[PDB]
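No Cβ is skipped: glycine too gets one built from the backbone with ideal geometry, and neighbour counts run over all protein chains shown. All of the numbers you see were taken from the coordinates with simple rules; none came from a lab.
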């Protein structure tokens, strides 16, 4: 319909520091989306101060 999946909790977000992730249980699809204004491979740096 719109987005009925499982949101990744901060406790399990070790693959992304400043990035969220949507894990689909019914259809096994683990996808991590980092902040658009972020920088670094592990989402450590950022491109937005104010």
For this session: Output the number of residues of region 8-50 satisfying the condition of being part of a strand (DSSP E or B), touching a strand residue (DSSP E or B) at 6+ places or on another chain (Cβ under 7 Å) and exposed (fewer than 11 other Cβ atoms within 10 Å of the Cβ).
Result: 0
Problem set entry | Lone qualifier among 37, 19 - being without any contact (Cβ under 8 Å) to a residue 24 or more places away in the chain and out of contact with any helix residue (DSSP H, G or I) (no Cβ under 7 Å at 6 or more places or on another chain) | 37
